[PDB]
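**Student:** Experimental structure and sequence below, a few questions after.
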Amino acid sequence: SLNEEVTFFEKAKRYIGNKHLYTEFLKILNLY
Amino acid sequence: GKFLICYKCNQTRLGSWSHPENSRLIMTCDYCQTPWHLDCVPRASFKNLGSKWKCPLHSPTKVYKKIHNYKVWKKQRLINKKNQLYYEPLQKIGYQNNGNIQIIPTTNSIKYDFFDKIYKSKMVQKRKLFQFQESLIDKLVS
Amino acid sequence: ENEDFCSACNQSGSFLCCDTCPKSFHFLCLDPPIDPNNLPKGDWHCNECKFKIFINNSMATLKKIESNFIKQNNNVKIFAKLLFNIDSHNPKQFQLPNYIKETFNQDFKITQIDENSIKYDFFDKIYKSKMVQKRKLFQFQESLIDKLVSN
Amino acid sequence: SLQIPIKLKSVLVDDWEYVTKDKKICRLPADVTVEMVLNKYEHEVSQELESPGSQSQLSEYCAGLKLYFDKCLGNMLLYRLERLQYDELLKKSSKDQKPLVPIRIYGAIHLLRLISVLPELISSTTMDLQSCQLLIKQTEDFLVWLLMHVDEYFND
Ligand SMILES: [Zn+2]
Ligand SMILES: [Zn+2]
Ligand SMILES: [Zn+2]
Ligand SMILES: [Zn+2]
């Protein structure tokens, strides 16, 4: 439970691939 | 020379010229060049003229939110380097930026700092859960 | 070249005349308690004088090493600006604050944010939203229980 | 923008009377160090604080306050008949080869002195609006947490 919570962000970054799409993803998460 | 892999389906349906109906149309975004199939994002046109096509992965420059009237937010326009100031916050957590931000690169201790910070907080939450349900069952006896 | 009164402790005594600034200090009114009759041999640059010749009185290199200093200590980040002024501070006697004695290019500034701060903010705000809706649901349930009990 | 209550003012002015009109200074190890205060203060507020983000600001403010205490005690947080005490402390620290450290030495009352000088000290240089508000908010809830048990650290 805890491990997935702390590991969610960089595994999402790994799934995103390109760093520009991850930059826009972090922009989305900031705008929220 | 590589194959444009569509983002959603993680495939490139090139076809075979003996079954050209097996080929799925693919376009690239006009901003980040991310290739998308015409079916993964629902589109029938290729966006040849008019405005530049934007893939779904880009953050919006204009959004509407419900007040529960409404409120609108528009991203600031780009400014030339002689009149544009990029500033770095001193406050890391909870800094109310206008939604107009820039991402800087992140430079082992921080990784474990995040791990304990979730532990403690979730623990406190459990405690907050456990402090109020006891008052609920102690209200029913009265 | 000298001052009649100590600019740190605000009484007259044995002084050390600085080269550029006319302010002088006692043998203890310094970050370090300079041992009298044992003062290092030299020009006697003070903290202000060492701050000016460290930066060579130019703004660009001083802002760049200030940003480098803040980059080093992100654990004390909100105080990191306040750690810098200290270097350019000539230690002085603790004078009481006044209230203690009693009884446009800046509008479109782009925020430079990092990934970890976005992660912390997203987690903070989702936890806030989830538990305020959970606690308001609990409060409405308790209020409805009290209403049904009273009726 | 600090509006501290009358009890902190009274204990600060009585410390002023003991340090100016009297030769008496604080004890050597200064008893309970700010170590203790900040440490427990975290151990109570973080178990009262709810978000992981807010606990990050709590630990961040604790570490910054400790390092600022260490790096600013020799700069402003000293009075008469304490410069000699600090000189004795730094000559004693070099004897046992351990480096000097103000946090685990001075008493929690010099920490309150640092909080007292903080409003005038912050506004001297260029500082934000929101960062300033965060700093005075952490200031105010640290002060009211002190106001819960002033008698633990401020009893003669
Ligand atoms: Zn596809
Ligand atoms: Zn795109
Ligand atoms: Zn002096
Ligand atoms: Zn000088």
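**Tutor:** Received the coordinates, thanks. Numbering: from 1, shown residues only, chains lettered A, B, ... in the order given. Ligands and ions are numbered 1, 2, ... in the order given.
**Student:** how about the helices in the chain?
**Tutor:** Let's take chain A. For chain A, the helices defined by DSSP state H occupy A:2-16, A:19-31.
**Student:** that answer is for a different chain, and I need it for chain C
**Tutor:** Assigned by DSSP H, chain C shows helices spanning C:47-55, C:59-72, C:80-87, C:98-101, C:115-150.
**Student:** among those helices, which is the most enclosed?
**Tutor:** Across these, averaging neighbours per residue (mean count of other Cβ atoms under 10 Å in any protein chain shown) puts helix C:80-87 on top, at a mean of 18. Yep, even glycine has a C-beta here, placed from its N, CA and C like the rest.
**Student:** can that helix be found next to chain B?
**Tutor:** Yes. Interface with chain B: helix C:80-87 contributes C:80-81 (Cβ under 8 Å from any Cβ of the partner chain).
**Student:** If you count contacts, what does that helix end up packed against?
**Tutor:** Identification of packing neighbours for helix C:80-87 by 3 or more Cβ pairs under 8 Å, 6 or more residues apart in numbering or on different chains; DSSP states H and E yields helix C:59-72, helix D:52-72, helix D:108-122.
**Student:** can you list contacts of that helix?
**Tutor:** Where contact means Cβ atoms under 8 Å, 6 or more residues apart in numbering or on different chains, the residues beyond helix C:80-87 that reach it are B:90, C:47, C:51, C:66, C:69-70, C:73-74, C:76, D:64, D:67-68, D:71-72, D:75, D:121-122, D:124-127.
**Student:** and with 7 Å instead?
**Tutor:** By Cβ atoms under 7 Å, 6 or more residues apart in numbering or on different chains, the surrounding residues in contact with helix C:80-87 are B:90, C:51, C:66, C:69-70, C:73, C:76, D:68, D:71-72, D:75, D:122, D:124-125, D:127.
**Student:** Quick one: name the residues of chain A near chain C.
**Tutor:** With Cβ under 7 Å from any Cβ of the partner chain as the criterion, chain A meets chain C at residues A:9, A:26, A:29-30, A:32.
**Student:** Minimum distance to ligand 3, which residue of chain D gives it?
**Tutor:** For chain D, the nearest residue to ligand 3 under the criterion Cβ to the ion is residue D:83, separated by 8.7 Å.
**Student:** what's that residue in contact with, if anything?
**Tutor:** Counted by Cβ under 7 Å, 6+ apart, residue D:83 has contacts C:28, C:33.
**Student:** how about 10 Å then?
**Tutor:** When the contact criterion is Cβ atoms under 10 Å, 6 or more residues apart in numbering or on different chains, the partners of residue D:83 are C:8-9, C:26-30, C:33, C:91, C:93, D:74.
**Student:** Spatially central residue in chain D, please.
**Tutor:** Closest residue to the average C-alpha location of chain D: residue D:111 at 1.4 Å, with Cα atoms, centre = their mean.
**Student:** who's in contact with the residue nearest to that one when sequence neighbours are not counted?
**Tutor:** The shortest distance from residue D:111 to any non-neighbouring residue, by Cβ to Cβ, 6 or more residues apart in numbering or on different chains, is to residue D:34 (4.5 Å). Residue D:34 is in contact with D:41, D:62, D:65-66, D:69-70, D:102-112, D:114, D:153, counting by Cβ under 10 Å, 6+ apart.
**Student:** Distance check, residue D:80 against residue D:30.
**Tutor:** Relative to residue D:30, residue D:80 is positioned 17 Å away (Cβ to Cβ, to the nearest Å).
**Student:** Check residue B:127 too.
**Tutor:** Applying Cβ to Cβ to residue B:127 and residue D:30 gives a distance of 34 Å.
**Student:** Please identify which of those two sits among more neighbours.
**Tutor:** Between residue B:127 and residue D:30, residue D:30 has the larger neighbour count (other Cβ atoms under 10 Å in any protein chain shown), namely 18 against 13.
**Student:** So that one sits against residue D:73, correct?
**Tutor:** No. With contacts counted by Cβ atoms under 10 Å, residue D:30 stays clear of residue D:73, the gap being 11.2 Å.
**Student:** Which neighbours do the two have in common?
**Tutor:** Common neighbours of residue D:30 and residue D:73 are listed as D:102, D:105-106, D:110 (criterion: Cβ under 10 Å, 6+ apart).
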